[PDB]
$ cat data-v7.txt   # compact mmCIF, C-alpha atoms and all ligand atoms
# COMPACT_ATOMS: atom_id res chain seq x y z
CA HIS A 4 29.42 83.97 -4.44
CA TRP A 5 30.21 80.42 -3.56
CA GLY A 6 33.41 78.72 -4.61
CA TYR A 7 36.15 76.51 -3.17
CA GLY A 8 38.27 78.97 -1.03
CA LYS A 9 38.64 79.72 2.65
CA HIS A 10 36.06 82.44 2.62
CA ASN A 11 33.57 80.92 0.13
CA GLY A 12 34.22 77.17 0.09
CA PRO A 13 32.11 74.20 1.16
CA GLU A 14 32.11 75.10 4.87
CA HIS A 15 30.30 78.36 3.98
CA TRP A 16 27.72 77.08 1.48
CA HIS A 17 25.03 76.45 4.10
CA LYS A 18 24.55 80.20 4.62
CA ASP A 19 23.17 80.71 1.12
CA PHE A 20 21.98 77.11 0.66
CA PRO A 21 20.73 75.74 3.99
CA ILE A 22 20.02 72.33 2.43
CA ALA A 23 23.81 71.91 2.69
CA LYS A 24 23.08 70.51 6.17
CA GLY A 25 20.16 68.31 4.93
CA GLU A 26 19.38 64.67 5.28
CA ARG A 27 20.59 63.45 1.86
CA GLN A 28 23.71 65.42 0.99
CA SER A 29 26.52 64.30 -1.26
CA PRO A 30 29.26 63.21 -1.55
CA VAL A 31 29.70 60.52 1.12
CA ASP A 32 32.35 58.07 2.20
CA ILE A 33 31.57 54.59 0.87
CA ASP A 34 32.30 52.10 3.64
CA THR A 35 32.82 48.99 1.56
CA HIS A 36 32.30 46.56 4.38
CA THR A 37 28.98 48.22 5.39
CA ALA A 38 27.55 48.53 1.85
CA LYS A 39 25.19 45.65 1.32
CA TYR A 40 25.12 43.57 -1.81
CA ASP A 41 21.63 43.86 -3.21
CA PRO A 42 20.73 40.98 -5.57
CA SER A 43 17.66 42.92 -6.69
CA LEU A 44 19.87 45.64 -8.33
CA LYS A 45 20.15 45.33 -12.09
CA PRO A 46 23.09 45.77 -14.42
CA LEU A 47 23.62 49.37 -15.37
CA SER A 48 22.53 50.20 -18.94
CA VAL A 49 24.72 52.94 -20.38
CA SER A 50 23.64 53.69 -23.97
CA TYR A 51 25.98 56.33 -25.35
CA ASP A 52 26.20 55.12 -29.00
CA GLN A 53 24.27 58.21 -30.29
CA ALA A 54 25.65 60.79 -27.85
CA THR A 55 26.05 64.25 -29.45
CA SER A 56 28.44 66.49 -27.64
CA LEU A 57 28.13 70.11 -28.56
CA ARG A 58 30.42 72.29 -26.57
CA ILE A 59 32.78 72.62 -23.61
CA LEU A 60 32.44 75.38 -21.07
CA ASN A 61 34.56 76.81 -18.20
CA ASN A 62 31.84 77.85 -15.78
CA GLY A 63 34.23 79.13 -13.13
CA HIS A 64 34.10 76.02 -10.92
CA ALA A 65 34.74 73.21 -13.43
CA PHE A 66 34.47 72.58 -17.12
CA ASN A 67 31.31 70.99 -18.52
CA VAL A 68 31.23 68.86 -21.72
CA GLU A 69 27.67 69.48 -22.90
CA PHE A 70 25.42 67.26 -24.92
CA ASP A 71 22.37 67.68 -27.07
CA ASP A 72 19.68 66.44 -24.71
CA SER A 73 16.74 67.42 -27.02
CA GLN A 74 16.21 63.77 -28.00
CA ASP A 75 16.69 60.33 -26.53
CA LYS A 76 20.27 59.79 -27.61
CA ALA A 77 22.56 59.17 -24.65
CA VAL A 78 20.64 57.51 -21.85
CA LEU A 79 21.20 55.78 -18.54
CA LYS A 80 18.71 53.18 -17.36
CA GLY A 81 18.59 50.02 -15.30
CA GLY A 82 20.84 49.72 -12.33
CA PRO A 83 18.81 51.11 -9.37
CA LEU A 84 16.77 53.34 -11.69
CA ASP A 85 13.13 53.30 -12.78
CA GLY A 86 12.72 54.77 -16.26
CA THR A 87 15.09 56.70 -18.53
CA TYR A 88 17.64 59.39 -17.81
CA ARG A 89 19.21 61.51 -20.50
CA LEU A 90 22.80 62.76 -20.50
CA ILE A 91 23.06 66.54 -20.26
CA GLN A 92 26.74 67.11 -19.35
CA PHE A 93 29.79 65.70 -17.72
CA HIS A 94 32.46 67.35 -15.64
CA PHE A 95 35.23 66.53 -13.18
CA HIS A 96 36.40 67.40 -9.72
CA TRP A 97 40.16 67.28 -9.03
CA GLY A 98 42.90 68.20 -6.64
CA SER A 99 46.03 70.28 -6.43
CA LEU A 100 47.96 67.01 -5.94
CA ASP A 101 47.20 63.41 -6.79
CA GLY A 102 46.30 62.51 -3.18
CA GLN A 103 43.02 64.44 -3.23
CA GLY A 104 40.38 65.51 -5.72
CA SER A 105 37.54 63.00 -5.54
CA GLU A 106 34.27 63.86 -3.85
CA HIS A 107 33.20 60.35 -2.91
CA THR A 108 35.76 58.37 -0.96
CA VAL A 109 36.13 54.60 -0.57
CA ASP A 110 37.02 53.52 2.95
CA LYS A 111 38.32 57.12 3.33
CA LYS A 112 40.55 56.79 0.23
CA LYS A 113 40.59 59.89 -1.93
CA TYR A 114 41.19 59.53 -5.66
CA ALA A 115 42.98 62.12 -7.79
CA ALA A 116 39.74 63.10 -9.51
CA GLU A 117 36.13 62.15 -10.07
CA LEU A 118 34.08 62.27 -13.27
CA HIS A 119 30.35 63.01 -13.02
CA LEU A 120 28.06 62.17 -15.95
CA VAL A 121 24.82 63.98 -15.17
CA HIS A 122 21.49 62.68 -16.48
CA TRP A 123 17.89 63.87 -15.97
CA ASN A 124 14.74 61.78 -15.71
CA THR A 125 12.75 62.13 -18.94
CA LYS A 127 9.49 61.84 -17.00
CA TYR A 128 10.01 65.50 -15.83
CA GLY A 129 10.59 66.88 -19.32
CA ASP A 130 13.60 69.20 -18.63
CA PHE A 131 16.58 69.45 -16.32
CA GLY A 132 15.20 72.44 -14.39
CA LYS A 133 12.02 70.53 -13.51
CA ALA A 134 13.95 67.31 -12.78
CA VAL A 135 16.15 68.91 -10.09
CA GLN A 136 12.98 69.69 -8.10
CA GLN A 137 12.22 65.96 -7.70
CA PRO A 138 13.79 63.33 -5.45
CA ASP A 139 14.26 61.00 -8.43
CA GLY A 140 15.05 63.75 -10.92
CA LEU A 141 18.73 63.04 -11.68
CA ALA A 142 21.06 60.07 -12.02
CA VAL A 143 24.73 60.86 -11.71
CA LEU A 144 27.29 58.28 -12.80
CA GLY A 145 30.46 58.85 -10.80
CA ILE A 146 33.80 57.44 -11.95
CA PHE A 147 37.06 57.72 -10.02
CA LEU A 148 40.32 58.75 -11.67
CA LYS A 149 43.73 57.52 -10.54
CA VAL A 150 47.06 58.63 -11.99
CA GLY A 151 49.00 56.08 -14.00
CA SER A 152 48.60 55.18 -17.67
CA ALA A 153 47.00 57.78 -19.92
CA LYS A 154 43.34 57.45 -20.86
CA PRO A 155 43.43 57.81 -24.65
CA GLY A 156 39.75 58.74 -24.77
CA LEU A 157 40.32 61.75 -22.46
CA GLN A 158 43.02 63.37 -24.56
CA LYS A 159 40.56 65.31 -26.82
CA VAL A 160 39.16 66.97 -23.68
CA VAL A 161 42.65 67.74 -22.38
CA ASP A 162 43.76 69.35 -25.61
CA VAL A 163 40.83 71.84 -25.75
CA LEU A 164 41.37 73.18 -22.19
CA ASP A 165 43.94 75.76 -23.33
CA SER A 166 41.08 77.46 -25.21
CA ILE A 167 38.78 77.71 -22.17
CA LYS A 168 41.33 78.70 -19.55
CA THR A 169 39.17 81.23 -17.75
CA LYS A 170 35.63 81.45 -16.47
CA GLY A 171 33.03 82.17 -19.09
CA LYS A 172 35.03 80.81 -22.01
CA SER A 173 33.47 78.14 -24.15
CA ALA A 174 34.43 76.23 -27.29
CA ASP A 175 32.75 74.07 -29.89
CA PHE A 176 33.16 70.48 -28.86
CA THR A 177 31.41 68.13 -31.19
CA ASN A 178 31.72 64.42 -31.81
CA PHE A 179 33.23 63.52 -28.45
CA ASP A 180 32.40 59.94 -27.42
CA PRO A 181 31.98 59.58 -23.62
CA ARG A 182 32.27 55.78 -23.96
CA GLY A 183 36.00 56.43 -24.00
CA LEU A 184 35.84 57.52 -20.32
CA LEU A 185 34.25 54.34 -18.94
CA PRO A 186 36.12 51.59 -17.07
CA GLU A 187 35.73 47.98 -18.03
CA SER A 188 33.41 46.99 -15.19
CA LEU A 189 30.07 48.59 -14.45
CA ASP A 190 29.99 47.27 -10.87
CA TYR A 191 28.65 50.07 -8.68
CA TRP A 192 27.51 51.42 -5.41
CA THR A 193 24.27 53.39 -5.19
CA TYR A 194 22.59 55.68 -2.67
CA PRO A 195 20.18 58.65 -2.63
CA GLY A 196 21.85 62.03 -2.45
CA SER A 197 22.31 65.48 -3.85
CA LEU A 198 24.09 67.71 -6.30
CA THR A 199 27.54 68.38 -4.87
CA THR A 200 27.53 72.05 -5.97
CA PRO A 201 25.05 74.77 -5.00
CA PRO A 202 22.08 74.64 -5.08
CA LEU A 203 22.84 71.22 -3.49
CA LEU A 204 19.37 69.93 -4.40
CA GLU A 205 18.46 66.52 -3.03
CA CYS A 206 17.45 65.11 -6.40
CA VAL A 207 20.14 62.57 -7.27
CA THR A 208 20.33 58.80 -7.44
CA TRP A 209 24.09 58.30 -7.23
CA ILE A 210 25.71 55.43 -9.13
CA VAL A 211 29.43 55.29 -8.27
CA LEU A 212 31.51 52.79 -10.23
CA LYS A 213 33.92 50.63 -8.26
CA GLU A 214 36.60 50.48 -10.90
CA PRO A 215 38.57 53.70 -11.42
CA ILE A 216 39.91 54.82 -14.77
CA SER A 217 43.60 55.63 -15.12
CA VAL A 218 44.71 58.98 -16.52
CA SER A 219 48.27 60.19 -16.88
CA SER A 220 49.98 62.74 -14.71
CA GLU A 221 50.28 64.95 -17.81
CA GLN A 222 46.51 64.77 -18.38
CA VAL A 223 45.65 65.80 -14.81
CA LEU A 224 48.33 68.47 -14.87
CA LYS A 225 46.44 70.13 -17.74
CA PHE A 226 43.24 70.19 -15.64
CA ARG A 227 45.26 72.05 -13.01
CA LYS A 228 46.24 74.80 -15.51
CA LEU A 229 42.63 75.95 -15.77
CA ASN A 230 41.57 79.07 -13.90
CA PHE A 231 38.66 79.79 -11.62
CA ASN A 232 39.00 83.50 -12.44
CA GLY A 233 37.86 85.31 -15.57
CA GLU A 234 40.17 86.52 -18.41
CA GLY A 235 42.69 89.04 -17.19
CA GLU A 236 41.76 88.66 -13.54
CA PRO A 237 44.28 87.66 -10.81
CA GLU A 238 45.16 84.04 -11.54
CA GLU A 239 43.83 81.43 -9.17
CA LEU A 240 44.34 77.93 -10.52
CA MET A 241 41.26 75.70 -10.79
CA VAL A 242 42.29 73.03 -8.29
CA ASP A 243 40.61 71.44 -5.28
CA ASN A 244 37.12 71.96 -6.72
CA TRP A 245 35.70 69.10 -4.63
CA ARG A 246 33.22 69.04 -1.76
CA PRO A 247 34.27 66.75 1.11
CA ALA A 248 32.25 63.79 2.30
CA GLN A 249 29.03 64.65 4.13
CA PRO A 250 27.16 62.74 6.88
CA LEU A 251 25.47 59.58 5.68
CA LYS A 252 22.55 60.06 8.13
CA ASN A 253 19.66 57.72 7.54
CA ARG A 254 20.96 56.18 4.26
CA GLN A 255 22.03 52.81 2.98
CA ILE A 256 24.66 52.36 0.32
CA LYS A 257 23.95 49.29 -1.80
CA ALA A 258 26.42 47.31 -3.88
CA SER A 259 25.56 45.79 -7.27
CA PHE A 260 28.31 43.15 -6.81
CA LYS A 261 29.24 40.43 -4.37
ZN ZN A 301 30.18 66.97 -9.93

$ encode --input "data-v7.txt" --output "structure tokens"
Amino acid sequence: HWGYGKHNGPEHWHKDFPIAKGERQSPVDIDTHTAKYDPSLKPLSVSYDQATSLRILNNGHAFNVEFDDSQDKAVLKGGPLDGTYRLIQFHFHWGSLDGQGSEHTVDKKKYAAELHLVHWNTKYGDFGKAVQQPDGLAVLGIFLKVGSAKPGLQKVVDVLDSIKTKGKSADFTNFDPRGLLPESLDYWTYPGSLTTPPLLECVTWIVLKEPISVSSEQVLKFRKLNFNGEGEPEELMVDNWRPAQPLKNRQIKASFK
């Protein structure tokens, strides 16, 4: 099955998922000089005050912090969006070293990691129905650079020892994702896809300009996770990022001058 290696990594995904070579694939390089300021774009509304995390899961490619999405409690609206998108999970992509790990790039710069907060459009009723629609998901992407620790990440870091291998989960209640947000909500936006199989072209991407800082110790703990299951030959969970894909017939718009 698909993964991140030589024999099953991104360059192979098109065989099982031909949409990998589609017209609106993600991630992309964000050419900052090309991206046009769009005065019609609205401020992002991130309303996470009632977010209810439930659990954290090692799914064999990343770890997902999952939320209760049975009610309107953690929602993304405004920005480029029409209507209301509810938070289902967040996860990260990261590298083996600090010089790679992000999926989006900025003028070809790779960050150490990238956080994806995944939200589905309430007008389709559930996540599985939303991913079948071109406006089904809104993903908020946030870059990570290595420097000062992010205090609000440490609770995530300190549970990873308990979900080292694929298929392990742990109770993970009361985590506040507001602690992962940078100060500015300036963003770029474009139409794209999930960055993991099935690579469905259902996402409005909202990529924040301002990275968050995490410490080297925090990222090092991400890199102790395993792609393999318990007891299997150890292969560290690193370099779980898809590279930038062709922009094709898309415009990236900036919320900021
Ligand atoms: Zn992702």

$ closest_atom_pairs --input "data-v7.txt" --of "chain A" --to "ligand ZN 301 (chain A)" --cutoff "9 Å" --atoms "only C-alpha atoms and all ligand atoms" --output "JSON lines"
{"residue": "A:65", "atom": "CA", "partner": "A:ZN301", "partner_atom": "ZN", "distance": 8.5}
{"residue": "A:93", "atom": "CA", "partner": "A:ZN301", "partner_atom": "ZN", "distance": 7.9}
{"residue": "A:94", "atom": "CA", "partner": "A:ZN301", "partner_atom": "ZN", "distance": 6.2}
{"residue": "A:95", "atom": "CA", "partner": "A:ZN301", "partner_atom": "ZN", "distance": 6.0}
{"residue": "A:96", "atom": "CA", "partner": "A:ZN301", "partner_atom": "ZN", "distance": 6.2}
{"residue": "A:106", "atom": "CA", "partner": "A:ZN301", "partner_atom": "ZN", "distance": 8.0}
{"residue": "A:117", "atom": "CA", "partner": "A:ZN301", "partner_atom": "ZN", "distance": 7.7}
{"residue": "A:118", "atom": "CA", "partner": "A:ZN301", "partner_atom": "ZN", "distance": 7.0}
{"residue": "A:119", "atom": "CA", "partner": "A:ZN301", "partner_atom": "ZN", "distance": 5.0}
{"residue": "A:120", "atom": "CA", "partner": "A:ZN301", "partner_atom": "ZN", "distance": 8.0}
{"residue": "A:121", "atom": "CA", "partner": "A:ZN301", "partner_atom": "ZN", "distance": 8.1}
{"residue": "A:143", "atom": "CA", "partner": "A:ZN301", "partner_atom": "ZN", "distance": 8.4}
{"residue": "A:145", "atom": "CA", "partner": "A:ZN301", "partner_atom": "ZN", "distance": 8.2}
{"residue": "A:198", "atom": "CA", "partner": "A:ZN301", "partner_atom": "ZN", "distance": 7.1}
{"residue": "A:199", "atom": "CA", "partner": "A:ZN301", "partner_atom": "ZN", "distance": 5.9}
{"residue": "A:200", "atom": "CA", "partner": "A:ZN301", "partner_atom": "ZN", "distance": 7.0}
{"residue": "A:245", "atom": "CA", "partner": "A:ZN301", "partner_atom": "ZN", "distance": 7.9}
{"residue": "A:246", "atom": "CA", "partner": "A:ZN301", "partner_atom": "ZN", "distance": 9.0}

$ atom_distance --input "data-v7.txt" --atom1 "CA of residue 59 (chain A)" --atom2 "CA of residue 176 (chain A)"
5.7 Å

$ closest_residue --input "data-v7.txt" --among "A:139, A:101, A:239, A:165" --to "residue 151 (chain A)" --atoms "all atoms listed in the file"
A:101

$ closest_residue --input "data-v7.txt" --among "A:204, A:258, A:60, A:38" --to "residue 24 (chain A)" --atoms "only C-alpha atoms"
A:204

$ atom_distance --input "data-v7.txt" --atom1 "CA of residue 229 (chain A)" --atom2 "CA of residue 171 (chain A)"
11.9 Å

$ atom_distance --input "data-v7.txt" --atom1 "CA of residue 68 (chain A)" --atom2 "CA of residue 172 (chain A)"
12.5 Å

$ closest_residue --input "data-v7.txt" --among "A:9, A:45, A:15, A:133" --to "residue 189 (chain A)" --atoms "all atoms listed in the file"
A:45
